[PDB]
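Student: Questions regarding the structure given below will be posed in turn.
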Amino acid sequence: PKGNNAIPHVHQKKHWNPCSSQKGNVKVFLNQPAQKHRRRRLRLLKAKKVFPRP
Amino acid sequence: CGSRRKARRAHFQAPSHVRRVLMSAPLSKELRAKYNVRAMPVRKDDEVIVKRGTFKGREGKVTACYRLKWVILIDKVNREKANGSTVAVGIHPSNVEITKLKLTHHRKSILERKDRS
Amino acid sequence: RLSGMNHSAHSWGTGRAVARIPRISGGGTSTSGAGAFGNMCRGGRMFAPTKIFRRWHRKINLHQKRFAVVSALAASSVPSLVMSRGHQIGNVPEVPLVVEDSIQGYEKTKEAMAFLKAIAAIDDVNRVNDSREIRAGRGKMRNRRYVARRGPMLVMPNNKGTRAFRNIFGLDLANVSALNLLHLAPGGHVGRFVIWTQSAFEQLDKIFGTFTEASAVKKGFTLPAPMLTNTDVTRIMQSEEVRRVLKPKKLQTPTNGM
Amino acid sequence: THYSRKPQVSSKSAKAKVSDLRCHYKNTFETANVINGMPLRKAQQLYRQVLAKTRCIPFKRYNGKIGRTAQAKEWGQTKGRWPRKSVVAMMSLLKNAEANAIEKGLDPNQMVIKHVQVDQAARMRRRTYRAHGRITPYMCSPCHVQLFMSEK
RNA sequence: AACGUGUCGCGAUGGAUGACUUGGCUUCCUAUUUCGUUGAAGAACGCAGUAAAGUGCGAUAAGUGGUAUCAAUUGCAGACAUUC
RNA sequence: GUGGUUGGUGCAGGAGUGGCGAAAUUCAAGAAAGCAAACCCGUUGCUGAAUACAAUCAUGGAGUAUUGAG
RNA sequence: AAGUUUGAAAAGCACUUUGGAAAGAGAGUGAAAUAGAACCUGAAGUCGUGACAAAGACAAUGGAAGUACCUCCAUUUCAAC
RNA sequence: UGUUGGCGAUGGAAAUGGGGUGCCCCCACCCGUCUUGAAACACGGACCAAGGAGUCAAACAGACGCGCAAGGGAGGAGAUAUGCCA
RNA sequence: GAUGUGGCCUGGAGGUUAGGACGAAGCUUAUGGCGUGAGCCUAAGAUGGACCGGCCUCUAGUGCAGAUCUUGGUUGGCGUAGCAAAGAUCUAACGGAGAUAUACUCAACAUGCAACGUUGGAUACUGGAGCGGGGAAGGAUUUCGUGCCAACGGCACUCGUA
Ligand SMILES: [Mg+2]
Ligand SMILES: [Mg+2]
Ligand SMILES: [Mg+2]
Ligand SMILES: [Mg+2]
Ligand SMILES: [Mg+2]
Ligand SMILES: [Mg+2]
Ligand SMILES: [Mg+2]
Ligand SMILES: [Mg+2]
Ligand SMILES: [Mg+2]
Ligand SMILES: [Mg+2]
Ligand SMILES: [Mg+2]
Ligand SMILES: [Mg+2]
Ligand SMILES: [Mg+2]
Ligand SMILES: [Mg+2]
Ligand SMILES: [Mg+2]
Ligand SMILES: [Mg+2]
Ligand SMILES: [Mg+2]
Ligand SMILES: [Mg+2]
Ligand SMILES: [Mg+2]
Ligand code: NA
Ligand code: NA
Ligand code: NA
Ligand code: NA
Ligand code: NA
Ligand code: NA
């Protein structure tokens, strides 16, 4: 019995969820710390290579 | 490996030249003092003595290192069958103890390589 | 995403005297005409298959994290709370235990163990050693084969001098510049046993600030003010000022009637 | 490999066994249950006379809608039969037990059957064909038999 | 009486549970990383002293050459170690 | 004066890759089990000598365990 | 569909004897055969067998309260309560 | 709140509670379902094992727990402990 | 229909406290004790042979009697319904473990039945649009000899397209 709620506009009516029939359309961030580590390592190597230039 | 699955798979699918190293035995106090080496891979025609099991205390010469059943065979270690014929019993190399080495040129090279001094 | 659903099953309808569930198509095998596509069917699909966009991680307010670290540090200086958590501190000289800074020059584990025996942390180290065993349950199939208790933690001012202590089983090493709540309160229980080096002990005030002066590291952070000035309420309850106003004490089968 | 019961004195007894007979279990049950307390020579005579068809085996548990006969009055029933395939196998079992007793050195003329037990074995499978393209089972039901006899 | 009923001890038929796990699923990373007319992917037929499937190989056919290693391989047979 | 990104001739190091390469008990006991109440006394005291057992008679794995030293 | 998951090791049951054979009865290996070849454990349901209790002219099952017989169960007492 | 007997002298005992099976007197329609109404001549129902159904994400609200408060809090990214450490 | 419970139970994680070859988990019960209950605990195993309990937090693919529920096993009906088109076999001698198989008395019958192959003889059937002799499509070793008889040839076999 919908009481006094807001009127929802959740916007999820396309095939975004991957299931047995759909590939999906999603993006997760589970590689965030690994990629951050990789970026820092690359920057340190590049500084070492181009030394003494800034 | 820090994975039990990977470690056990490597052990049980090891090739022959890896099983040779995996099947090693310690040396006596006399040989340890003489060569400064703690253990060597077992080889045919070595002299060993059994330190564990129901054949503990027996000494003999090695006649085979099967390497497919992970055992060595010793001539004095045997039992009887139903029909009265004799068969050999396999021991694991880490349960025995080398007391005399079959020495060759390459074997002495290996011992010099592994000398800890 | 495709598991349990890799068949071309269809329902047979009614009229045939079988329940209306999708059934595998074809003939010639034992799987022909068997139920498919359902949590109730063998070989079927599970109810609500699990996804990788479940919320695995959590957000915590920075101030609440700092509050928790401060509270665990304060609890690690009351010798009864350490005992309740479970450490063996019966023959320990003092709590907090502060030790000279010359242990950072050790180079052999024999020297490290001699120092531990002199300080009398060896009782807790032995507790940890004797507790080691093989875990119960399925966990030992999943790279979690051994379990043991938690021993003392030794805090150093930097990352130098740990070579002698690194291999001792049952001793943990910490850096004062980055203290971890998961180590200061294992299991969620406060009262870890901590051995302080003198330099780290003198760095504590600059790292955490005081009740009036702010921290030089955690920008604009001061220790939280207490809700009670004196936490002993039984003394207040029994004091003379309260007893003068307490209310005075007072002094304290047939039924028929005919 | 032990039996469900043991003899009182094990030096004056003999044993025999069959595992998967390939005789009908329901027929061998009746054929073997009738000799439970009899002397060995009496049991052998009864089996010979059943083969000659002058006596019968009483059917007591598995007798649903079988015929009535006048040779069943001896056992207090009205229904009995003459199963030759089971009779000729119980004869072999008795011969084996007698040989065992003779080897142990006992007198076969003094032995009395004391234990008989018949049980169902695993079942083999064939098939039959019915109307409208149906296929339906056609199974074989074999038996285990065990017995021992003691000297009187 | 017989048949049937009920309880207990022993035995069958059956293949659950527990313990085990060289398997699956999921998530990350590294790089001198991307097939074919110089005939690929796929498909067929063969090859061992003994050899059906599988694995490996191609009339040089359970493999030839080179390096390294060092004494086996094994169901049964058969036959340079300073490394043929 | 410069160019190893014009071509031809030579010969160096490093990285990467593959091989080799470390310590310390098969230590002692065949009840090989306990107790002495947070710590210490205790590197010390005192507890059996066993045979039980099995609905007259016979029968009964491997020490990575225990305990103490190192 | 389908774990070859016997056992530490094949030590995988020589020999006697009954049977056409499959097998049975002994003997033996092994800590165990109640570990005998697809052989760890070995449930429920169903069946055989021995002993026992009664009674099927109120379908059985069920409740409440007694009694007869049994009880590899527990607790208490034994010369002072 | 005392008093008088019986049984019980260390047993294969006595006693008191449980448990099992039979018997007597009394009581007592077959479960689940939909329905105003089921013991129904209303549907499902031979036995056992293992499996089998309110879950994950996202927007909003109310109640309750915690931190700070005219302020509260990120996110993405960086820096160095750090090169076991997602 | 709502709510509460220092309310019960299952797989895993962080802590803490413990157990096990002088026997862990699992399994069995006329094994009692405790709890209003969900349940917990002890006993015995003449069962088993290597792991695992309590408490405080955290977490989820977390509790079954029924869905013409899904998979595997079992079961009464039941030694029952049936195994009735295509006419049909008999006899002797060989072969075979398939017999002429006894506690004795006893000549023998009334206490070893039933069924099998080859050869000879007898009696029938097919009846030239044939249970004759050759081929295509389809099949692919079913062909032949020697053995064997566990399963298969809906009865049987000493025989077989096995
Ligand atoms: Mg409404
Ligand atoms: Mg309303
Ligand atoms: Mg699909
Ligand atoms: Mg280390
Ligand atoms: Mg009839
Ligand atoms: Mg038909
Ligand atoms: Mg048809
Ligand atoms: Mg009667
Ligand atoms: Mg078994
Ligand atoms: Mg789970
Ligand atoms: Mg019962
Ligand atoms: Mg579920
Ligand atoms: Mg009939
Ligand atoms: Mg007929
Ligand atoms: Mg008909
Ligand atoms: Mg004619
Ligand atoms: Mg005509
Ligand atoms: Mg047939
Ligand atoms: Mg032939
Ligand atoms: Na599945
Ligand atoms: Na020793
Ligand atoms: Na409903
Ligand atoms: Na109803
Ligand atoms: Na169930
Ligand atoms: Na006919």
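Each chain in the structure tokens gets a letter, A, B and so on, in the order shown; residues start at 1 in every chain, and ligands are counted from 1 in the order they appear.
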Can you pull out the residues contacting residue G:44? Cut-off 10 Å, using only C-alpha atoms (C1' of nucleotides), and skip same-chain residues under 6 positions away; I want them as an NGL selection string.

Tutor: (:E and (14 or 16)) or (:H and (48-49))

Student: Do you know which residues are at most 10 Å from residue G:28 counting only C-alpha atoms (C1' of nucleotides), after dropping those on the same chain fewer than 6 positions away, and could you put them as a list in words?

Tutor: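 Residues meeting the cut-off are residues 82 of chain B; 13, 14 and 15 of chain G.
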
Student: Atoms to include: N, CA and C atoms (P, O5', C5', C4', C3', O3' and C1' of nucleotides). Write the selected residues as a PDB file, in the first residue's frame.

Tutor:
```pdb
ATOM      1  N   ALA B  82      53.442 -66.737  -0.597  1.00  0.00           N
ATOM      2  CA  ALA B  82      52.686 -67.929  -0.235  1.00  0.00           C
ATOM      3  C   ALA B  82      53.386 -69.194  -0.710  1.00  0.00           C
TER       4      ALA B  82
ATOM      5  P     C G  13      46.630 -64.687  -4.584  1.00  0.00           P
ATOM      6  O5'   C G  13      46.387 -65.750  -3.434  1.00  0.00           O
ATOM      7  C5'   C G  13      47.462 -66.272  -2.675  1.00  0.00           C
ATOM      8  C4'   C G  13      46.965 -66.942  -1.423  1.00  0.00           C
ATOM      9  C3'   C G  13      46.064 -68.146  -1.623  1.00  0.00           C
ATOM     10  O3'   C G  13      46.796 -69.327  -1.883  1.00  0.00           O
ATOM     11  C1'   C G  13      45.157 -66.723   0.039  1.00  0.00           C
ATOM     12  P     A G  14      46.457 -70.251  -3.146  1.00  0.00           P
ATOM     13  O5'   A G  14      47.722 -71.208  -3.269  1.00  0.00           O
ATOM     14  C5'   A G  14      48.876 -70.821  -4.001  1.00  0.00           C
ATOM     15  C4'   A G  14      50.124 -71.494  -3.480  1.00  0.00           C
ATOM     16  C3'   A G  14      50.041 -72.996  -3.264  1.00  0.00           C
ATOM     17  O3'   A G  14      50.264 -73.734  -4.452  1.00  0.00           O
ATOM     18  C1'   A G  14      51.028 -71.968  -1.375  1.00  0.00           C
ATOM     19  P     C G  15      49.368 -75.062  -4.547  1.00  0.00           P
ATOM     20  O5'   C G  15      49.506 -75.709  -3.080  1.00  0.00           O
ATOM     21  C5'   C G  15      50.415 -76.821  -2.890  1.00  0.00           C
ATOM     22  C4'   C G  15      50.156 -77.436  -1.536  1.00  0.00           C
ATOM     23  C3'   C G  15      48.905 -78.315  -1.434  1.00  0.00           C
ATOM     24  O3'   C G  15      49.222 -79.652  -1.797  1.00  0.00           O
ATOM     25  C1'   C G  15      48.946 -76.743   0.358  1.00  0.00           C
TER      26        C G  15
END
```

Student: Would you list the residues that come within 8 Å of ligand 11? Count only C-alpha atoms (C1' of nucleotides) and all ligand atoms and give the answer as JSON, numbers by chain.

Tutor: {"E": [7], "I": [29, 30]}

Student: Next, the residues of the selection above should be written as a PDB file, in the first residue's frame with N, CA and C atoms (P, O5', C5', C4', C3', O3' and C1' of nucleotides).

Tutor:
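Full text of again-v5.pdb as output:
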```pdb
ATOM      1  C1'   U E   7       9.589 -56.214  20.502  1.00  0.00           C
ATOM      2  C3'   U E   7      10.806 -54.372  19.713  1.00  0.00           C
ATOM      3  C4'   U E   7       9.366 -53.960  19.936  1.00  0.00           C
ATOM      4  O3'   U E   7      11.735 -53.333  19.956  1.00  0.00           O
ATOM      5  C5'   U E   7       8.715 -53.146  18.849  1.00  0.00           C
ATOM      6  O5'   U E   7       8.758 -53.811  17.600  1.00  0.00           O
ATOM      7  P     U E   7       7.810 -53.372  16.403  1.00  0.00           P
TER       8        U E   7
ATOM      9  P     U I  29      18.927 -46.864  16.127  1.00  0.00           P
ATOM     10  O5'   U I  29      18.815 -47.389  17.618  1.00  0.00           O
ATOM     11  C5'   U I  29      19.036 -48.754  17.941  1.00  0.00           C
ATOM     12  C4'   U I  29      19.084 -48.964  19.431  1.00  0.00           C
ATOM     13  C3'   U I  29      18.002 -48.228  20.217  1.00  0.00           C
ATOM     14  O3'   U I  29      17.573 -49.015  21.331  1.00  0.00           O
ATOM     15  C1'   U I  29      20.134 -47.557  20.976  1.00  0.00           C
ATOM     16  P     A I  30      16.326 -50.019  21.216  1.00  0.00           P
ATOM     17  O5'   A I  30      15.715 -50.084  22.676  1.00  0.00           O
ATOM     18  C5'   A I  30      15.201 -48.928  23.312  1.00  0.00           C
ATOM     19  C4'   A I  30      14.990 -49.152  24.787  1.00  0.00           C
ATOM     20  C3'   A I  30      16.152 -49.752  25.557  1.00  0.00           C
ATOM     21  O3'   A I  30      17.136 -48.800  25.913  1.00  0.00           O
ATOM     22  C1'   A I  30      14.163 -50.870  26.139  1.00  0.00           C
TER      23        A I  30
END
```

Student: Residues of chain B were defined as contacting chain E if any atom lay at most 9 Å from it, counting only C-alpha atoms (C1' of nucleotides); please report them as a VMD selection string.

Tutor: chain B and resid 5 to 6 8 to 13 17 43 to 44 65 to 66 68 105 to 107

Student: Suppose we keep N, CA and C atoms; can you now write the selection as a compact mmCIF listing (two decimals), in the first residue's frame?

Tutor:
```txt
# COMPACT_ATOMS: atom_id res chain seq x y z
N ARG B 5 47.92 -27.02 -3.23
CA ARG B 5 47.52 -27.65 -4.48
C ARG B 5 48.68 -27.70 -5.47
N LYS B 6 49.33 -26.56 -5.68
CA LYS B 6 50.43 -26.49 -6.64
C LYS B 6 51.63 -27.30 -6.17
N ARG B 8 51.67 -29.99 -4.20
CA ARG B 8 51.41 -31.42 -4.32
C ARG B 8 51.37 -31.85 -5.78
N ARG B 9 50.84 -31.01 -6.67
CA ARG B 9 50.84 -31.37 -8.08
C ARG B 9 52.26 -31.47 -8.63
N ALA B 10 53.12 -30.52 -8.27
CA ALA B 10 54.51 -30.59 -8.71
C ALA B 10 55.19 -31.85 -8.19
N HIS B 11 55.00 -32.16 -6.91
CA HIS B 11 55.64 -33.34 -6.34
C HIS B 11 55.19 -34.61 -7.05
N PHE B 12 53.89 -34.77 -7.26
CA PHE B 12 53.42 -36.04 -7.79
C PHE B 12 53.50 -36.14 -9.30
N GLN B 13 53.80 -35.04 -9.99
CA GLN B 13 54.07 -35.11 -11.42
C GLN B 13 55.51 -34.80 -11.77
N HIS B 17 64.47 -36.95 -13.47
CA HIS B 17 65.66 -36.27 -12.98
C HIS B 17 65.37 -35.38 -11.78
N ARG B 43 71.87 -43.96 -4.73
CA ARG B 43 72.31 -44.51 -6.00
C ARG B 43 72.46 -46.01 -5.85
N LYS B 44 72.37 -46.72 -6.96
CA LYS B 44 72.57 -48.17 -6.92
C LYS B 44 73.99 -48.49 -6.47
N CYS B 65 66.62 -48.27 -7.53
CA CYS B 65 65.90 -47.07 -7.05
C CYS B 65 64.74 -46.96 -8.02
N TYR B 66 63.57 -47.52 -7.69
CA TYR B 66 62.53 -47.60 -8.75
C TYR B 66 62.11 -46.23 -9.26
N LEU B 68 59.44 -44.77 -9.57
CA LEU B 68 58.04 -44.66 -10.07
C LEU B 68 57.14 -45.02 -8.90
N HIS B 105 84.25 -40.49 -10.71
CA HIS B 105 84.82 -39.18 -10.97
C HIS B 105 83.77 -38.08 -10.83
N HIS B 106 82.62 -38.27 -11.49
CA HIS B 106 81.56 -37.27 -11.42
C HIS B 106 81.00 -37.16 -10.01
N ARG B 107 80.90 -38.28 -9.30
CA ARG B 107 80.38 -38.23 -7.93
C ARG B 107 81.32 -37.45 -7.02
```

Student: Quick one: residues within 12 Å of residue G:81, only C-alpha atoms (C1' of nucleotides) counted, chain neighbours fewer than 3 positions away excluded, as a list in words?

Tutor: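 Neighbouring residues, sequence-local ones excluded: residues 77 and 78 of chain G; 8 of chain H.
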
Student: I'd like the contact shell of stretch 8-15 of chain A - 7 Å cut-off, only C-alpha atoms (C1' of nucleotides), skipping same-chain residues fewer than 3 positions apart - returned as number ranges by chain.

Tutor: A: 22, 24; H: 59

Student: Those selected residues, please, written with N, CA and C atoms (P, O5', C5', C4', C3', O3' and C1' of nucleotides) and delivered as a PDB file, in the first residue's frame.

Tutor:
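So result37.pdb came out as:
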```pdb
ATOM      1  N   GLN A  22      22.552 -12.468 -21.299  1.00  0.00           N
ATOM      2  CA  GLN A  22      23.009 -11.108 -21.527  1.00  0.00           C
ATOM      3  C   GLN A  22      24.463 -10.971 -21.123  1.00  0.00           C
ATOM      4  N   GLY A  24      25.913  -8.000 -20.453  1.00  0.00           N
ATOM      5  CA  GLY A  24      25.938  -6.993 -19.414  1.00  0.00           C
ATOM      6  C   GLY A  24      26.570  -5.701 -19.876  1.00  0.00           C
TER       7      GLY A  24
ATOM      8  P     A H  59      22.530   4.917  -4.379  1.00  0.00           P
ATOM      9  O5'   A H  59      21.073   5.479  -4.652  1.00  0.00           O
ATOM     10  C5'   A H  59      20.859   6.649  -5.424  1.00  0.00           C
ATOM     11  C4'   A H  59      19.404   7.031  -5.430  1.00  0.00           C
ATOM     12  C3'   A H  59      18.819   7.426  -4.092  1.00  0.00           C
ATOM     13  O3'   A H  59      19.106   8.764  -3.738  1.00  0.00           O
ATOM     14  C1'   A H  59      17.369   5.909  -5.154  1.00  0.00           C
TER      15        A H  59
END
```

Student: For the atom pair atom CA of residue B:116 and atom CA of residue B:97, what is the interatomic distance in Å to one decimal place?

Tutor: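 Atom-to-atom, atom CA of residue B:116 to atom CA of residue B:97, that is 20.0 Å.
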